[PDB]
Every structure is written in structure tokens, then in C-alpha cells.
């Protein structure tokens, strides 16, 4: 079985400057609170060990999700492009933006497009100026992304902002309503508001869900899996959130889940493949 991990941040270049690597202590406590042991590759910050674990898990490719955050640390978009070009068979680059203004957002989007990157990651709740995903100042960017076929990853689950209002499903739903042709991926799957996000997915055909780490032994698990076996088969994206979860143990667990095999193939690989090929029109 082929697997594309929709959230894999390798221990390479600028990724090591993000808090996921600069604060191994915080990360490891989070990993253990979830129910996993830290991945040896993550703890040793070894790309070599990561590649072994990746192959042993059955993961053929990883989506290298960029990050630019005052709160959570930063990897340069140039470094994300550099990691992907170094291993072009193994990695897909996703650029990120941290902006106070709409002009800063477009300058950075253009920087991303100049690197050949065609997907962007927005985590505005952990920016220097924290904002909701439906903040007015982000609307010109969504307009650009919608017009140019750029899919948008947005962190609308987990600790997406200062408090739980930053995950209320009203924020992602407004964006989807206002930009009906914009391809959106919700990283952390808008957890914990899971009954609600399944409705949003039901209503808004261009939303993909990626609960990633929060799929594991938490509220909403059964809701995600039920939807996976129905309409969400084409719109769920497998992801480990590595280094937050181990590649091996998360994937092995995932493959045992009662998701019907045709939906399993879509969720593990098929959907990501379609989205990644679609990116940039």
C-alpha cells in the first residue's frame, strides 16, 4: 500500500528552527500525553533515521508543511523548497505566511510562487498579530488563491490560537461559504468540534479534513471514521503530524482502523495525490 503523509516536518534545514524541534521537551510531553513514544529520528534530529522509519511504515511521500509563527517558530519558504528539491521523489513543499497586513500576505504568497511552491499553509492564530482564519485581512489572499487554483492548508484544530474560539467551526465555515471554489484542508481536522466539522464537510464540497494526531484515542474519532466510510472517503487526508507523532506507530495503528478498503486507499494516498496534482491553476 502506498501512503502520502499530509503532515510531515522532517528534521532538516530551517525546520530545526521551529519549536517542534527547538523545544524537544514540550514536544515529547505532548507525544506521550497523546499515547505515543517519541520517534527516535525526531529525538536524534536525524533525517537518516526518519527515512528508515518512513520506509518501514510504508510512507512513500511526505507533505512538508512550512511554518512561520512568532509563537511556534519559523522555517523559511526557501528552506521548504530546498528540502523538496533535495528529495523530489519523497517530499512535497508547502509554503507558509506570517502577515500583519494583506500586503505582507501577498508579498509572501508571491515569494512562495517564485519558489515553484503551489500550496500555502496559514496558521493565523499563532501569528505575532493573532487572527481568526476568517479575519477580513486574509480575504484578499483567499480571493487570490481561489482565482489561481492554490489550495490552502489552515490550522483550525488543536491549539490553533490563544483560546478555543480560534477553533470554533464558524471561522472555517465562513471562509468556505465566501470562497466556494477554494480548496481548503483543515489541519488537525478542526478538532475538538468534530460533530460540527463533519457538517461543514458535508455542506462545503471543497473542504478536506486532516485530523492527523487528534484522530488518536480522542473525542470525535468514531465521527471521523464513520464519515470516512461515507461521503468523506474522497475528502479525508492521512497525516501523522510528525514529529508530534511517530511515523511507525501512528501509521501501523491507522492501518488497523475499520475504514473500508477503497476509502482507505483514497485516504492514505488517492486524495492527496489528486490535490497535489490539482495545485496551481
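Positions refer to the first chain, counted from 1.
Look at the C-alpha B-factors of 272 to 280 and of 4 to 12. On average they run higher in 272 to 280. The stretch 68 to 76 shows the higher mean C-alpha B-factor when 68 to 76 is compared against 203 to 211 in the entry. Comparing C-alpha B-factors across 218, 49, 236, 63 in the deposited entry, the largest value falls on 49. The PDB entry assigns its highest CA temperature factor, among 156, 121, 165, 101, to 101. For residue 263, the recorded CA B-factor ranks within the lowest third of the chain. Only modelled residues enter the ranking. Residue 250: CA B factor lies in the middle third for its chain, per the PDB record.
In this PDB entry, the Cα temperature factor of residue 85 sits in the top third of its chain's modelled residues, the highest group. When the modelled residues of the chain are ordered by C-alpha B-factor, residue 148 sits in the middle third. Ranked within its chain, residue 30 lands in the highest third, by CA B factor from the PDB record.
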